[PDB]
K.L.:
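Following this message is one structure expressed as structure tokens.
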Amino acid sequence: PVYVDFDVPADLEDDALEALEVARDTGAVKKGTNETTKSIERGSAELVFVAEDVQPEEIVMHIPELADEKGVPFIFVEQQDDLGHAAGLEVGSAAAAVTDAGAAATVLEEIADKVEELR
Amino acid sequence: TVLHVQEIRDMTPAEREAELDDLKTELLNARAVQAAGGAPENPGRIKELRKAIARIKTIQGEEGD
Amino acid sequence: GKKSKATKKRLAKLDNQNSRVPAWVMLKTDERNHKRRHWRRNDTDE
Amino acid sequence: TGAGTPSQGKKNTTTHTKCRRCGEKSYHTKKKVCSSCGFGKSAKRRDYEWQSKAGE
Amino acid sequence: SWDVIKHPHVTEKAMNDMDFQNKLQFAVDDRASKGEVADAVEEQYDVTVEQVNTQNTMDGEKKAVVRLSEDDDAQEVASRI
Amino acid sequence: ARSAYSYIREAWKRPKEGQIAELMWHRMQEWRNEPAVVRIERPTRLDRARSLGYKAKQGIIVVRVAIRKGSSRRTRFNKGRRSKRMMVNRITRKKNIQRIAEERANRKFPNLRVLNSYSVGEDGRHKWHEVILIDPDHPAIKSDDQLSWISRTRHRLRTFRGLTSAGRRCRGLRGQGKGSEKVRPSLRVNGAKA
RNA sequence: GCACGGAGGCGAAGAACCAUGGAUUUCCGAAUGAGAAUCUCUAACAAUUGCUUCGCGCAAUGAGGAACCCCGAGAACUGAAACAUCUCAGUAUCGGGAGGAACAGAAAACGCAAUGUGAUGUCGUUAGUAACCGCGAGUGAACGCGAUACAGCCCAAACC
RNA sequence: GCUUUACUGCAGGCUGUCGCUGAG
Ligand SMILES: [Cl-]
Ligand SMILES: [Cl-]
Ligand SMILES: [K+]
Ligand SMILES: [Mg+2]
Ligand SMILES: [Mg+2]
Ligand SMILES: [Mg+2]
Ligand SMILES: [Mg+2]
Ligand SMILES: [Mg+2]
Ligand SMILES: [Mg+2]
Ligand SMILES: [Mg+2]
Ligand SMILES: [Mg+2]
Ligand SMILES: [Mg+2]
Ligand code: NA
Ligand code: NA
Ligand code: NA
Ligand code: NA
Ligand code: NA
Ligand code: NA
Ligand code: NA
Ligand code: NA
Ligand code: NA
Ligand code: NA
Ligand code: NA
Ligand code: NA
């Protein structure tokens with residue numbers, strides 16, 4: 001909400017999650033806000049996901065601007081439990097980072113484009 | 001006295017209860033005789049009747065009935 | 001006044017405590033009830 | 001009307017009674033509070049340091 | 001566990017009730033109801049209780065005036081104790 | 001590299017700036033409509049909580065408590081007093097608001113014990129603190145080598161005896177040297193002069 | 001039983017009596033199903049909480065105790081030959097709470113300034129010294145030293 | 001105990017200022 005400056009259409013979010021699932025199987029992904037933050041800082045992040053139902057918002061507030069000054073692309077997901085399930089967790093996840101996609105580097109790279117265009 | 005602990009344990013759960021209800025009756029009749037100013041008393045027993053009843057209840061508890 | 005069952009029990013007890021030390025107790029102790037209470041001169045509780 | 005003897009005649013009202021919790025004739029049946037043990041007012045038992053000399 | 005009947009209440013008045021009204025008088029536990037007294041009495045003396053009247057006495061005990069049926073005789077039930 | 005937690009900390013250094021400033025303006029509206037003690041599923045300042053001992057584990061509880069701002073709510077004297085003791089307006093309690101907050105939370109959860117607490121801001125008349133409480137009877141805590149110490153009988157009602165975080169600082173026990181002559185080992189043992 | 005009467009009884013089937021352990025243990029009482037001056041009315045962890053199979057299923061709290069202990073609230077008589085700051089005094093008293101002891105405790109210390117000491121209580125001393133004060137009356141430490149007893153560790157984070 | 005333009009203070013009322021507190 002305060003850290004969300006653009007709305008991601010339902011369909012875009014699905015493509016994103018889908019890509020994330022093939023990422024945990026084919027490539028590499030980081031689950032959890034602390035491990036995600038470190039990707040963006042270490043530059044190893046290619047696409048970071050951030051839930052929008054995070055309370056307190058403090059936990060994720062920094063992702064956006066941090067991602068911006070690091071060139072890393074990011075996309076918002078409405079449900080926290082969807083991101084966690086997509087990432088492969090039995091629990092939810094406030095943030096995730098596809099650390100080097102897998103059999104999705106295409107669809108992925110394009111999701112990053114659609115979002116950059118989503119302003 | 002007239003009724004020892006061994007003898008109570010040698011009784012079956014059903015014999016203790018039958019013996020129990022029997023002592024209560026002797027007791028009740030002793031109190032009746034007493035309530036009627038009856039002198040054919042023997043104080044040592046109305047007291048023994050109480051202890052005997054206590055023993056039986058104690059044993060029923062130890063044995064599990 | 002209207003007494004309850006419990007009050008009635010207490011007064012019954014007070015009446016009972018109002019008896020004298022049995023004679024036999026004098027002989028057994030080789031020799032007074034300090035809790036003697038008259039209804040008029042004394043006052044019970046409650 | 002004299003405040004002494006003549007005013008003593010109307011005293012047939014029951015207030016303090018034998019308390020269920022402490023046994024003292026201090027349970028005020030009008031207030032439903034014992035002035036001796038605090039029953040009706042406090043779960044804890046009524047007690048004060050001034051009930052004895054300061055150093056005792 | 002407490003017993004219902006405590007003992008027969010035997011006094012001049014209790015005798016008149018026994019001899020003239022076929023009633024028996026007992027000292028019972030003050031927690032006992034008329035019904036409990038009626039039952040207890042029948043089971044102990046094998047008789048038919050027709051009516052029970054109670055009173056919480058100034059002795060701290062409860063007194064029950066139990067009337068038996070014309071089929072039973074108080075005088076006899078009391079004579080065996 | 002920087003932990004994600006370090007960002008929550010950085011934000012809270014200046015609660016009236018940036019995004020947090022707006023969150024607060026949002027949140028307080030709901031807080032002001034909430035009760036004295038409200039159990040919350042997650043700590044508003046995660047870094048703070050973990051730093052104080054918080055763990056996402058069973059038997060660990062967090063609660064936000066509201067307490068009025070200002071000096072002592074004091075009644076004026078009803079009998080003789082020398083001028084020095086006729087005071088009302090400027091008298092302030094010797095126990096800080098955070099400590100009051102810890103006690104109120106603790107009384108709401110009679111079976112739990114206070115582990116620590118921290119501030120989450122204030123408006124014109126309230127001050128809010130989140131208190132971390134622990135269930136000393138829940139295994140998982142009894143079996144945690146870092147929190148089990150709080151399960152000891154000697155720790156029953158820690159806050160009420162000033163054995164807490166804020167309790168010890170408010171008691172003047174911070175310094176180990178100059179200034180703590182009337183403070184350590186206890187205020188009462190020193191005749192109550194600190 | 002105290003308690004030495006009368007009657008009767010128990011004990012060699014080892015009683016009495018003592019130690020330890022067990023049984024029984026009414027009602028009110030924190031008092032907890034609800035109400036009530038110790039009783040009563042028609043299944044009960046009432047109330048507040050944690051966990052939770054989200055069902056009082058598993059648990060916690062409540063109240064007591066000679067004083068001691070810890071955290072809060074906090075006088076006045078009195079002394080100053082009056083009295084206001086000061087003093088009595090952080091005393092009396094009040095609120096909350098622990099234990100068998102509490103509390104304190106491994107330095108953002110000390111500062112005999114050092115090439116030195118080395119967690120914390122407490123006792124002796126330092127000393128009625130330094131410091132406070134209508135600079136009046138009064139108030140009043142600490143470091144160190146000699147003893148007692150000695151004990152040192154765990155998280156948060158980085159990296160996983 | 002009481003009084004007052006006795007001494008000294010303390011509630012309370014009025015009023016400025018700061019925080020809550022923001023946009024042009
Ligand atoms: Cl506590
Ligand atoms: Cl030194
Ligand atoms: K004075
Ligand atoms: Mg008489
Ligand atoms: Mg008068
Ligand atoms: Mg009637
Ligand atoms: Mg001490
Ligand atoms: Mg009840
Ligand atoms: Mg003077
Ligand atoms: Mg002078
Ligand atoms: Mg002083
Ligand atoms: Mg020093
Ligand atoms: Na009288
Ligand atoms: Na009788
Ligand atoms: Na508590
Ligand atoms: Na001080
Ligand atoms: Na017992
Ligand atoms: Na309970
Ligand atoms: Na339940
Ligand atoms: Na003087
Ligand atoms: Na004077
Ligand atoms: Na002075
Ligand atoms: Na030296
Ligand atoms: Na006067």
Side-chain angles (χ1 to χ4, degrees), chain B residues 1 4-6 41-45 47-48 54 57-58 61-62, chain C residues 4-7 9-10 22-30 46, chain D residues 16-23 25 27-29 32 34 39 43-45 48-50 54, chain E residues 2 31, chain F residues 1-3 5-6 25 39 47 50-54 58-59 61 69 76-77 79-89 93-95 99 103 107-112 122-125 133-138 140 145-146 149 153-163 167 171 173 175-178 181-182 184-189 191-193:
Chain B
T1 167
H4 299 72
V5 175
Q6 295 184 304
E41 310 164 293
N42 293 303
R45 270 199 187 180
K47 172 186 176 186
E48 284 308 309
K57 287 184 170 297
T58 302
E62 312 192 319
Chain C
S4 61
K5 187 182 195 167
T7 282
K9 292 174 70 178
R10 282 181 227 119
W24 70 279
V25 176
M26 303 297 256
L27 300 173
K28 181 170 191 166
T29 63
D30 293 308
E46 295 157 57
Chain D
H16 297 281
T17 64
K18 186 99 167 179
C19 175
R20 208 203 302 166
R21 183 210 257 175
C22 76
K25 175 186 148 311
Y27 189 65
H28 192 116
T29 199
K32 299 309 177 188
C34 180
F39 183 55
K44 292 181 173 66
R45 282 283 189 123
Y48 299 95
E49 292 299 313
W50 47 258
Chain E
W2 56 272
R31 312 186 203 74
Chain F
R2 287 187 59 183
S3 70
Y5 302 119
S6 76
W25 185 86
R39 175 167 172 185
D47 68 306
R50 291 184 66 77
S51 190
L52 296 194
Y54 170 90
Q58 309 181 80
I61 288 73
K69 290 168 65 183
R76 182 164 177 291
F77 62 95
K79 311 251 196 170
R81 239 45 143 217
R82 58 196 187 88
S83 77
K84 228 290 193 190
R85 309 306 192 183
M86 284 195 221
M87 8 146 257
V88 171
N89 297 306
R93 324 254 68 150
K94 298 183 173 176
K95 194 185 295 179
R99 207 121 88 76
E103 279 183 35
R107 285 191 175 91
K108 312 321 157 192
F109 307 89
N111 65 307
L112 310 184
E122 69 186 34
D123 58 17
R125 55 177 176 177
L133 302 87
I134 303 300
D135 184 342
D137 301 293
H138 197 290
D145 289 308
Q146 318 189 305
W149 61 264
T153 291
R154 287 168 159 194
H155 267 290
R156 295 188 185 182
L157 304 148
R158 332 178 62 240
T159 41
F160 303 110
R161 300 182 282 127
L163 314 186
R171 286 204 280 155
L173 294 164
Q176 292 188 75
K178 193 205 306 171
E181 301 79 1
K182 321 259 185 305
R184 184 168 304 95
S186 75
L187 291 167
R188 188 179 179 268
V189 69
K193 305 177 186 177

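Just so it is clear, the values below take in all heavy atoms, side chains as well, and ignore hydrogens, waters and symmetry mates. In what follows, chains carry the letters A, B, and so on, assigned in the order in which the sequence lines appear, proteins first and then strands, with residues in each chain numbered from 1.
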K.L.:
Give none if H:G22 has no partner; otherwise give the nucleotide forming a Watson-Crick or G-U wobble pair with it, both distances under 3.5 Å.
P.N.:
none
K.L.:
Quantified in whole Å, what is the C1' atom distance between nucleotide G:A92 and nucleotide G:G144?
P.N.:
38 Å
K.L.:
With both distances kept under 3.5 Å, what pairs with G:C68, Watson-Crick or G-U wobble?
P.N.:
G:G99
K.L.:
Does atom CZ of B:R45 have more than 12 heavy-atom neighbours from other groups under 6.0 Å away?
P.N.:
no
K.L.:
It should be established whether F:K95 places a side-chain nitrogen or oxygen under 4.0 Å from OP1 or OP2 of nucleotide G:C70.
P.N.:
no
K.L.:
Can you tell me how far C1' in G:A131 sits from the matching atom in G:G140, rounded to whole Å?
P.N.:
7 Å
K.L.:
Quick one: is C:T29 getting a side-chain N or O under 4.0 Å of the G:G5 phosphate, OP1 or OP2?
P.N.:
no
K.L.:
NA contact type, B:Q6, heavy-atom cut-off 4.0 Å: base, sugar-phosphate, or nothing?
P.N.:
base
K.L.:
From NZ of F:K79 over to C1' of H:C10, roughly how many Å is that when rounded to an integer?
P.N.:
18 Å
K.L.:
Indicate, with a heavy-atom threshold strictly under 4.0 Å, whether F:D123 touches base, sugar-phosphate, or nothing.
P.N.:
sugar-phosphate
K.L.:
Can you tell me how far P in G:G136 sits from the matching atom in G:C103, rounded to whole Å?
P.N.:
46 Å
K.L.:
If every non-hydrogen atom of F:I61 is compared with every non-hydrogen atom of F:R39, which pair is closest and at what distance?
P.N.:
CG1-CZ, 3.9 Å
K.L.:
With heavy atoms under 4.0 Å as the rule, sort B:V5 into base, sugar-phosphate or nothing.
P.N.:
nothing
K.L.:
For F:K69, I'd like to know if atom NZ has over 12 heavy atoms of other residues, nucleotides or ligands within 6.0 Å.
P.N.:
yes
K.L.:
Under 4.0 Å: is that the gap between some side-chain N or O of F:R161 and OP1 or OP2 of G:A102?
P.N.:
no
K.L.:
Say we look at G:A108 and G:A157: how far apart would their P atoms be, to the nearest angstrom?
P.N.:
22 Å
K.L.:
Does E:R31, at its CZ atom, have more than 12 non-hydrogen atoms belonging to other residues, nucleotides or ligands within less than 6.0 Å?
P.N.:
yes
K.L.:
With both key distances required to be under 3.5 Å, would you call G:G124 and G:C145 a Watson-Crick or wobble pair?
P.N.:
yes
K.L.:
Is there a side-chain polar atom (N or O) of B:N42 under 4.0 Å from OP1 or OP2 of G:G9?
P.N.:
no
K.L.:
In terms of base orientation, is G:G62 syn or anti, with the syn window spanning 90° either side of 0?
P.N.:
syn
K.L.:
Only pairs with both distances under 3.5 Å count, Watson-Crick or wobble alike; so what is the partner of G:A114 in this structure?
P.N.:
none
K.L.:
On the nucleotide G:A37, are OP1 or OP2 found under 4.0 Å from the side-chain N or O atoms that D:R20 carries?
P.N.:
yes
K.L.:
Between F:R158 and F:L163 (side chain of the first, backbone of the second, donor and acceptor by atom type, cut-off under 3.5 Å), is there such a pair?
P.N.:
yes
K.L.:
Just how far, in rounded Å, is P of G:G95 from CZ of F:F160?
P.N.:
16 Å
K.L.:
Under 4.0 Å between a side-chain N/O of F:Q58 and OP1 or OP2 of G:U52, yes or no?
P.N.:
yes
K.L.:
Taking only the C1' atom of each, what is the distance from G:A31 to G:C54 in whole angstrom?
P.N.:
29 Å
K.L.:
Could you check which nucleotide pairs with G:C153 in any of the strands shown, counting Watson-Crick or G-U wobble with both distances under 3.5 Å?
P.N.:
none
K.L.:
Could you tell me how far G:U120 sits from G:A114 if I compare only their P atoms? Round to whole Å.
P.N.:
24 Å
K.L.:
Taking for each residue the nucleotide of RNA chain G with the nearest heavy atom, is it F:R81 or F:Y5 whose nucleotide lies nearer the 5' end?
P.N.:
F:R81
K.L.:
Would you mind classifying the nucleic acid contact of F:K94 as base, sugar-phosphate or nothing, using non-hydrogen atoms under 4.0 angstrom?
P.N.:
base
K.L.:
Checking the side chain of F:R184 only, and the main-chain atoms of F:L173 only, is there a donor and an acceptor separated by less than 3.5 Å?
P.N.:
yes
K.L.:
Decide if a Watson-Crick or G-U wobble pair links G:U61 and G:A47, counting it only when both distances are under 3.5 Å.
P.N.:
yes
K.L.:
Hey, does F:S3 reach any base, or is it just sugar-phosphate, or nothing, if we go heavy atoms under 4.0 Å?
P.N.:
sugar-phosphate
K.L.:
Tell me if G:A12 is syn or anti. Syn = glycosidic torsion within 90° of 0, anti otherwise.
P.N.:
syn
K.L.:
What closest approach, in Å, do F:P136 and F:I134 show between heavy atoms, and which atom pair accounts for it?
P.N.:
CD-O, 2.9 Å
K.L.:
For F:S83 and F:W25, find the nucleotide of RNA chain H closest to each by heavy atoms; which residue's nucleotide sits nearer the 5' end?
P.N.:
F:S83
K.L.:
Can you say whether a donor on the side chain of F:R107 sits under 3.5 Å from an acceptor on the base of G:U61, or the other way round?
P.N.:
no
K.L.:
I'd like to know if G:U120 and G:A92 make a pair - Watson-Crick or G-U wobble, with both distances under 3.5 Å.
P.N.:
no
K.L.:
For the nucleotides G:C39 and G:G8, establish whether a Watson-Crick or G-U wobble pair is present, both distances being less than 3.5 Å.
P.N.:
no
K.L.:
Base, sugar-phosphate alone, or nothing: which one does F:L163 contact when heavy atoms must sit under 4.0 Å apart?
P.N.:
sugar-phosphate
K.L.:
I'd like to check, for B:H4, whether its ring lies over the base of G:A13 with centroids under 5.5 Å apart and a plane angle smaller than 30°.
P.N.:
yes
K.L.:
Write down the distance separating the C1' atoms in G:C88 and G:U117, rounded off to the nearest Å.
P.N.:
42 Å
K.L.:
Using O4'-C1'-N9-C4 for purines and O4'-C1'-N1-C2 for pyrimidines, with syn meaning within 90° of 0, is G:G55 syn or anti?
P.N.:
syn
K.L.:
How is F:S51 classified with respect to the nucleic acid when contacts are heavy atoms under 4.0 Å: base, sugar-phosphate, or nothing?
P.N.:
sugar-phosphate
K.L.:
Donor-acceptor pair, F:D123 side chain versus F:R125 backbone, under 3.5 Å?
P.N.:
yes
K.L.:
Taking the same atom, P, in G:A63 and in G:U32, what whole-Å distance lies between them?
P.N.:
14 Å
K.L.:
For F:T159 and for D:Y48, find the nucleotide of RNA chain G with the closest heavy atom, then tell me which residue's nucleotide is more 5'.
P.N.:
F:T159
K.L.:
Assign F:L52 to base, sugar-phosphate, or nothing according to its heavy-atom contacts below 4.0 angstrom with the strands shown.
P.N.:
nothing
K.L.:
Looking for any heavy atom pair under 4.0 Å, which part of the strands does F:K108 touch: base, sugar-phosphate only, or nothing?
P.N.:
sugar-phosphate
K.L.:
I'd like to know if the side chain of F:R161 and the backbone of F:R156 have a donor-acceptor N/O pair within less than 3.5 Å.
P.N.:
yes
K.L.:
Syn or anti for G:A81, given that syn means the glycosidic angle lies within 90° of 0?
P.N.:
syn
